[PDB]
Amino acid sequence: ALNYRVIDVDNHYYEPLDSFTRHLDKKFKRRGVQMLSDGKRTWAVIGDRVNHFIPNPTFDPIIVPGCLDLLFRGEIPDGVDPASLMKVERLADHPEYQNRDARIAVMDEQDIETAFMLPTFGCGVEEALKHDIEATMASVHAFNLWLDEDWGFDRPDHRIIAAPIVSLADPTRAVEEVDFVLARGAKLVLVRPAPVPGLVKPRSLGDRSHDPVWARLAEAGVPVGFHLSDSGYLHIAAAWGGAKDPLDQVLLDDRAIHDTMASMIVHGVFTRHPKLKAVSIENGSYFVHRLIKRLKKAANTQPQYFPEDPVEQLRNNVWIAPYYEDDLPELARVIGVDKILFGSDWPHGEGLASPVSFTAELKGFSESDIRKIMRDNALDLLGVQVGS
Amino acid sequence: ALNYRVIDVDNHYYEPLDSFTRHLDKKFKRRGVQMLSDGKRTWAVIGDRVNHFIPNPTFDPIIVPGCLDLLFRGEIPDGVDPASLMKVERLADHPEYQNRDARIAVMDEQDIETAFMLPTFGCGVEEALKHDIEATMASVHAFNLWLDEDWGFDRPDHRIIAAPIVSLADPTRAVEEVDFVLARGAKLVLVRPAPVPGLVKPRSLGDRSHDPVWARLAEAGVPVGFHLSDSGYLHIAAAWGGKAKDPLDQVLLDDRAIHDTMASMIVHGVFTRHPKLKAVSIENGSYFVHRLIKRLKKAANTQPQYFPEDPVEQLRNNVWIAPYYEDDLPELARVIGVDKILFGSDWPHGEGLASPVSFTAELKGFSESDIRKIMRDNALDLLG
Ligand SMILES: [Cl-]
Ligand SMILES: [Cl-]
Ligand SMILES: [Cl-]
Ligand SMILES: [Cl-]
Ligand SMILES: [Mg+2]
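About the thresholds
- Residues numbered from 1 in each chain as written, not as in the entry; some residues may be left out.
- Chains lettered and ligands numbered in written order.
- Heavy atoms only, no water.
- Helix = DSSP H or I, 4+ residues; strand = E, 2+ residues; numbered from the N terminus.
- Rg over C-alpha atoms; globule rule 2.2 N^0.38 Å.
- Buried < 20%, exposed > 50% of the residue type's maximum accessible area, 1.4 Å probe, protein only.
- Areas by Shrake-Rupley, 256 points an atom, 1.4 Å probe, with all protein chains shown as cover.
- Salt bridge = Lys/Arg side-chain N within 4 Å of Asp/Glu carboxyl O.
- Contact = heavy atoms within 4.5 Å.
- Polar contact = N/O pair within 3.5 Å; in protein donor to acceptor, adjacent residues only side chain to side chain.
- Buried area = accessible area lost by both parts, 1.4 Å probe.
- Nonpolar A, V, L, I, M, F, W, Y, C, P; charged D, E, K, R; others polar.
- Pairing = 2+ DSSP bridges.
- Core = buried A, V, L, I, M, F, W, Y, C linked by side-chain atoms within 4.5 Å.
- Axes fitted to C-alpha atoms, helices over the stretch in contact; angles between N-to-C directions.
- Parallel < 35°, antiparallel > 145°, perpendicular 65-115°, else oblique.
- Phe/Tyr/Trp six-rings, centres within 6.5 Å; stacked < 30°, edge-to-face > 60°.
- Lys NZ or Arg CZ within 6 Å of the ring centre and 35° of its normal.

- For this entry, the PDB record names X-ray crystallography as the structure determination method and reports a resolution of 1.60 Å.

- Looking at the PDB entry, chain B carries the name Putative TIM-barrel metal-dependent hydrolase, with the source organism given as Mycobacterium avium subsp. paratuberculosis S397.

- For chain A, the PDB entry supplies the name Putative TIM-barrel metal-dependent hydrolase and the organism Mycobacterium avium subsp. paratuberculosis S397.

This is the structure:
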């Protein structure tokens, strides 16, 4: 057991059915999220289209944390049926998934001082609304109001950093959203790792029209977080002719986070906003080495576009929560041990059952480097030092 | 200098303006390729849309072989300006780019025994025709006729293996194109590393309707080659608001097409059903291999039911790779086996080696006999 509490940068709640409706402008009652029932099952119907990002939006019954961990690692014994790995429980047996007081008490048992609390259902909504910019902005605001109500962006006990969503789909309205969440004390905001929807056409994350948003975050010392989402990448499997076809995930994997970080870096977001901090959550860290190779090639062939070294921008401005099976010594060699974050993804089935068991993956590190990975790097990410 | 002649699996001709029209029936005169001119420049106009795969389809002036080496490796020296690199000569001064006799004499000077001769313009046509299945199949047939005429799939001197194109867009017609080229002695065919266009929707390379084509190639011992092409991957840049080049575009494209092509072949069981089928990757690099292996292993662990064989072993057994000059070649041999590494110069392209045999400069970490595998013998195994 560690001698200090940890800071877990990847935790989830399970949204109640009204997370996107409780505070939604009635103008968007059909344009946004609706929960409709066939009598047995509830379906999320988003802009009049049934959405399938979450198989059961009631979240009951609910997967056992970590039951898919050995699977996602490949550690699964021979002849064993993967369907047999999934175990579920009654949602009411786990109030800590939806209730802040219950969650804090579980955090105490888990030895977590501060958890970043991130959406589950909410990570699929923006792709569903990508053709309705006004419904996107209203729905993100409704969600953020719900989030601050049930979880709180950062209540005075400083146990939970609940990250609201910022959509850049309407960049003027986005500056209003950022001002609103910053005024309510947000310490981390999530932007989807995907092309930004547009009225006319989609935009790069580094579009100059987004500069006012990045400037607000950078001046506030609040990082942008990029968490695994529906980023619309099934379009690749679609181009290839695409109950799970095994090809789809091979074609998808970690391409969204790679392309997101490329968009940010190549289009000069960190050049224009050198104080801006970013963090990748639940996207793995395998993307880094290909991204570094490709950035080096781009900077060499078009040096005029790279007044600064894009690899150093990656190393300076970006923190990464790796997957448990990633080569962590190698990652530290590449991005620096100070940029590696512990995140458990609790209570998801693909996450760790016991968050602090992440330390089993750190036997290659000194006691003081483990303290950085398990606690202090996250505090560095959130903070801005007076000396910087 | 080596004491054997080499086998170069990546060489090009430059198509004359009529490669896709000489033997094309008039019914496809507008649906296929036309060369239309504005008084100064000539443009490839494909299915009534101006195409931009090749900057100048007359190929005159013509790039100096190897002058873009530094650029394609991102080894442009400190201080050197990128656009100062391109040098051009006149096409008339290099008949070996379009004339078989002149090319043989140049191969003698280069110490190449056999060259795989591959398209330049031809690698962009299929994407342009992906919405017209009949025009695709007819245009590929017309081109294959032109190829056998000017270069010959495999003339008696056995100096040149000129690979015809096979499109799977109409699978029945594809089987018939395979028979056509095989009967004329083809020893390698090119399939585009890209989704296969369909009347109704695109298909995986491993779609079951493609089995008769793979079966015929596997039984004949003729490999399928996948050469760098317009595979339509600019759609990813497009999704990001893309499409002076925007430097993001190429970061988002890179080697994704060959990765996804090999994934489609292996995951959908082409090598499971056709274990004798040989494939070769040409001008796509070899960096894709490590991520592909990672992802194939994950897929096999997650859905073992779909993977009765080890997909990484299928990669290693059935696939040959001509890597980029600058790739880590000892590492590649550690991963796929030295027997699967092929020398290819990409001559005379600008991004290729000016001197094909200089490829050996990157092989100092290998034994004399392994260099012989890479520069000659592995290609003989691939062909059979
Ligand atoms: Cl700044
Ligand atoms: Cl492409
Ligand atoms: Cl077979
Ligand atoms: Cl290279
Ligand atoms: Mg082997």
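## Comments concerning the overall build of chain B
Here's step 1: Helix and strand counts for chain B come out as 14 helices and 12 strands.
Here's step 2: For 384 residues, the compact-globule estimate of 2.2 N^0.38 gives 21 Å, and the C-alpha radius of gyration of chain B, at 20 Å, lies within 12% of that figure.
Here's step 3: The dimensions of chain B, computed from C-alpha atoms along their principal axes, are 60 × 50 × 50 Å.
Here's step 4: Looking at chain B as a whole, 59% of its 384 residues are labelled buried.
Here's step 5: Carbon and sulfur atoms make up 52% of the accessible area of chain B, which amounts to about 15,600 Å² in all.

## Description of unusual backbone geometry
Most peptide bonds adopt trans geometry, and most residues besides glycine take a negative phi value.
All names here are of chain B.
Here's step 1: The omega angle of the peptide bond from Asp60 to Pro61 is 0 degrees, so this bond is cis rather than trans.
Here's step 2: With respect to the helices and strands, the residue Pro61 is situated in the loop between β4 (49-50) and β5 (62-63).
Here's step 3: Residue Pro348 is bonded to the preceding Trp347 through a cis peptide linkage, with omega at 5 degrees.
Here's step 4: Secondary-structure assignment places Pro348 in the loop between α13 (329-336) and α14 (368-383).
Here's step 5: Even without a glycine there, the phi angle at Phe59 is positive, about 60 degrees.
Here's step 6: Within the element layout of this structure, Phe59 appears in the loop between β4 and β5.
Here's step 7: A relative accessible area of 5% means that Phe59 is categorised as buried.

## Here we look at the pattern of salt bridges
Opposite charge on two side chains lets them pair, provided their charged atoms get close.
Here's step 1: Tallied over the entire structure, the rule returns 56 salt bridges over all chains.
Here's step 2: Its salt-bridge partner being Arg272 of chain A, residue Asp211 of chain A comes within 3.0 Å of it at the nearest N-O pair.
Here's step 3: Classification of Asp211 of chain A by relative accessible area gives buried; the value is 11%.
Here's step 4: Across the pair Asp255 of chain B and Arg294 of chain A runs a salt bridge, and its minimum N-O distance is 3.0 Å.

## As for helix α2 (residues 100-110) of chain A
All names here are of chain A.
Here's step 1: All buried positions along α2 are accounted for by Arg100, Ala102, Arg103, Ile104, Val106, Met107 and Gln110.
Here's step 2: Buried residues along α2 sit in contact with β1 (6-12), β7 (112-118), α4 (133-150) and β8 (160-162).
Here's step 3: If you check the start of α2, you find a side-chain oxygen 3.2 Å away from the backbone N of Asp101, and it comes from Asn99.
Here's step 4: Directly beyond the C-terminal end of α2, a positive phi value near 65 degrees is found at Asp111.

## Overview of the interface of chain A and chain B
Here's step 1: Facing 50 residues of chain A, the contacting portion of chain B comprises 54 residues.
Here's step 2: Of the roughly 4,400 Å² buried between chain A and chain B on both sides combined, carbon and sulfur atoms contribute 59%.
Here's step 3: Contact with chain B buries surface across chain A, with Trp240, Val250 and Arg294 of chain A losing the most and accounting together for 18% of the total.
Here's step 4: For the pair chain A and chain B, the number of links is six salt bridges.
Here's step 5: Across the contact surface, chain A and chain B share 22 residue pairs in polar contact.
Here's step 6: Looking at the side of chain A that touches chain B, the elements that each hand over two or more residues are α1 (69-73), α7 (234-239), α8 (246-252), α9 (255-266) and α11 (287-301) of chain A.
Here's step 7: For the side of chain A that touches chain B, the residue count by class is 25 nonpolar, 13 polar and 12 charged.

## Details of the sheet that holds strand β2 (residues 33-37) of chain B
In sheet architecture, strand pairing relies on hydrogen bonds along the backbone and comes in two forms, parallel and antiparallel.
Here's step 1: Here three strands make up an open sheet; going across it, the order is β2-β3-β4 (chain B) and the pairing antiparallel. The open sheet has two edge strands with one neighbour each: β2 and β4 of chain B.

## Remarks on the nonpolar core
Here's step 1: Residues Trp214 of chain A together with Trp214 of chain B are the most contacted members of the largest nonpolar core, which totals 221 residues.
Here's step 2: In this structure, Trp214 of chain B is in contact with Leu168, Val191, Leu205, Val224, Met265, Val270, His274 and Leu277 of chain B, ignoring residues within four places of it in sequence.

## Things to note about the packing of helix α4 (residues 133-150) of chain B against helix α5 (residues 171-183) of chain B
Residue and element names in this part refer to chain B.
Here's step 1: Where α4 meets α5, the axes come as close as 11 Å, and the angle between the chain directions of the two elements is 5 degrees. On the basis of their axis angle, the class for α4 and α5 is roughly parallel. For the pair α4 and α5, contact is made by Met137, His141, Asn144 and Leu145 and by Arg173, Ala174, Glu177, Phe180 and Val181, respectively.
Here's step 2: Looking at the contact of α4 with α5 residue by residue, the classes come out as five nonpolar, two polar and two charged.

## Digging into the side chain of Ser19 of chain B
Here's step 1: Along the chain, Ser19 of chain B falls in the loop between β1 (6-12) and β2.
Here's step 2: Not counting chain neighbours up to four residues away, the residues in contact with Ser19 of chain B comprise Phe121, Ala142, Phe143 and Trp146 of chain B.

## Remarks on the packing of aromatic side chains
We describe a pair of aromatic rings using the distance from one ring centre to the other and the angle between the two ring planes.
Here's step 1: Under the counting rule described, the total for this entry stands at 20 aromatic pairs over all chains.
Here's step 2: Both rings, one in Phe20 of chain B and one in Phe143 of chain B, keep their centres 4.7 Å apart while their planes meet at 25 degrees; by these two values the pair is stacked. Here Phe20 of chain B, found in the loop between β1 and β2, pairs with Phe143 of chain B, found in helix α4; they are 123 residues apart in sequence, far enough to count as distant.
Here's step 3: One aromatic cluster is present, formed by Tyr13, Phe20, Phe121, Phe143, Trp146 and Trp151 of chain A through successive ring pairs.
Here's step 4: When the ring centre of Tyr4 of chain A is taken as origin, the NZ or CZ atom of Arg371 of chain A, which lies over that ring, is 4.9 Å away.
Here's step 5: Taking NZ or CZ as reference, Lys294 of chain B lies 4.0 Å from the ring centre of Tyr286 of chain A, over its face.

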